[PDB]
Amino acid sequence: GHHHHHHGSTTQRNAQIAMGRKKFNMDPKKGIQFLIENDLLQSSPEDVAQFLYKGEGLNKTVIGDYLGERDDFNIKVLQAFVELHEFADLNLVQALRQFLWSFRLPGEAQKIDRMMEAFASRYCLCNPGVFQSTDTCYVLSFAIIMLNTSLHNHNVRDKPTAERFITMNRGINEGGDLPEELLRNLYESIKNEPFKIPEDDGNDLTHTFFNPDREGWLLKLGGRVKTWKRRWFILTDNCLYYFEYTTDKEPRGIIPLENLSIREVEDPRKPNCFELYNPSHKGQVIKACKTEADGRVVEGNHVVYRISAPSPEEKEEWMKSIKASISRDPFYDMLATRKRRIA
């Protein structure tokens, strides 16, 4: 008695949908074009953004690859993608949890930057008055990411306290400090739960964002006067600073490492020695500045900086660290740039 529906075949449409997803995961530009051609997706940046945001059956590494691109279309897709996230009334960690669930960060410095700038601009728009600049939010986002790595990667030996995290971020708010309890909250949130990463292979940026900066006592030979001194060394932003005491704010000297190289050397008296030197200008005095006993600051007089480590192991570690510093990391450098701009 009862009539029934005419249900249409869904075989071809389902096959097309699956085909499109398969193609996307191999090549996102090709997958998207296919879906548009087969009337399964509209061609506007906002429509493509919705498609990636839902991301059904889509590889989240591939989503990140596509969103990071320089192309005019991709830039608009990214902006629309970030507009689909709701950051209002979330703290920075909570907002990053949400954002970093939607895609996996690409490996290229310029791609990471475009995506994190888009994130940071959106966070600040949805949460006015929390941060003094987009730069502050961007830099704090990476301090939170670095913290995630420090607390949760077993390869990082010395785990930061809440107080270390608070003081590390002094001055970040366009020269001023963020609220102590805000920073503490961000710290405790990360400590209590690492960033949950989709399709996690254990090699994600959020788990492997290490701090390359170093410190330690070493023995150094003088310039004109060849005397050996125990000095406290700090390596940061491709410069080597040295101090009489760990408590000094004023350095004894500053050696920019740009244009330098490092080599292991034998010394008749001191073990575990290496030397900084200019490979392009043999015999030339290395540009540096240092303080004299009377408080004057003068240029260094060194052709080489010969330095002795207490063990072969520390010699090797310092050499590796200094070499890495000189070779430079493009992303670290861009972060350094924003930090200077904040100041």
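Residue positions are given as counts along the sequence shown, with the first one as 1.
Mean C-alpha B factor from the entry: is it higher for 139-147 or for 110-118?
-> Averaging CA B-factors over each stretch, the winner is 110-118.
Averaging C-alpha B-factors over each stretch, which comes out higher, 47-55 or 26-34?
-> Averaged over C-alpha atoms, the B-factors run higher in 26-34.
Tell me, please, which of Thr246, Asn173, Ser102, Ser189 has the highest C-alpha B factor according to the deposited entry?
-> Result of the comparison over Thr246, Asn173, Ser102, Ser189: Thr246.
So where's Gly223 on the chain's Cα temperature factor ranking, which third?
-> For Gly223, the deposited C-alpha B-factor lands in the lowest third.
Tell me, lowest, middle or highest third: where does the Cα B factor of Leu40 rank within its chain?
-> Highest third of the chain for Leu40's C-alpha B-factor.
Modelled-residue ranking by C-alpha temperature factor, third containing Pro160 | Middle third of the chain for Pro160's C-alpha B-factor.
Position of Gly295 among the chain's modelled residues by C-alpha B-factor, lowest, middle or highest third | Within its chain, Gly295 is a highest-third residue by C-alpha B-factor, going by the deposited values.
With respect to C-alpha B-factor, does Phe81 fall in the lowest, middle or highest third of the chain as deposited?
-> Its C-alpha B-factor belongs to the middle third of this chain's values.
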